[PDB]
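**Q** Show me the folded form of this:
(2 chains)
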Amino acid sequence: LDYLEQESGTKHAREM
Amino acid sequence: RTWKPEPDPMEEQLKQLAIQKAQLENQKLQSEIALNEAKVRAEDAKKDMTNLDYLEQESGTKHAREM
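**A** Residues are numbered from 1 along each chain as shown, chains lettered A, B, ... in the order given. There you are, the coordinates:
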């Protein structure tokens, strides 16, 4: 899950 | 002639417990193989995460997201 979120930019999107 | 060798309760049981022990040992080995496979999968996931972190750092994606 952490790899998919990092690859898809979901973490970056949620950071903003 | 009419002599039936009496069975020994103890010596009887012990054998049943030894059979149970053998079965339990086989199940223990199976569980150990399962655990080793699970650890292999976990290490593969960690390797994938490390590869992702290396690619992001090399390509500057981390720097881009930092801004």
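**Q** ok, for the residue in chain A that chain B sits nearest to, nearest residue in space, not its chain neighbours?
**A** In chain A, the residue that lies nearest chain B is residue A:12 (4.5 Å; CB to the nearest CB). Just so you know, the C-beta spots here come from the backbone N, C-alpha and C atoms, and that holds for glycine as well. Leaving out its chain neighbours, the residue that sits closest to residue A:12 by CB to CB, 6 or more residues apart in numbering or on different chains is residue B:65, at 4.5 Å.
**Q** which residues touch the one you found?
**A** Counting by CB atoms under 8 Å, 6 or more residues apart in numbering or on different chains, residue B:65 touches A:9, A:12, A:15.
**Q** In which helix or strand does the second one reside?
**A** This points to residue A:12. helix A:10-15 (DSSP states H and E).
**Q** Distance from the chain centre to that helix, please.
**A** From the chain centre to the centre of helix A:10-15 is a distance of 5 Å (CA atoms, centre = their mean, to the nearest Å).
**Q** what's the answer for stretch A:1-10, then?
**A** 4 Å.
**Q** Let's see it as CSV, backbone CA atoms only.
**A** In CSV, the C-alpha atoms belonging to stretch A:1-10 read as follows (Å, rounded to 0.1, in the frame of the first residue of the first chain):
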residue,chain,number,x,y,z
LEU,A,1,0.0,0.0,0.0
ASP,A,2,2.8,2.4,0.9
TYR,A,3,4.6,1.7,-2.4
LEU,A,4,1.4,2.2,-4.5
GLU,A,5,0.6,5.5,-2.7
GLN,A,6,4.2,6.8,-3.2
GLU,A,7,4.3,5.7,-6.9
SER,A,8,0.8,7.2,-7.7
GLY,A,9,1.6,10.5,-5.9
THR,A,10,-1.4,9.9,-3.5
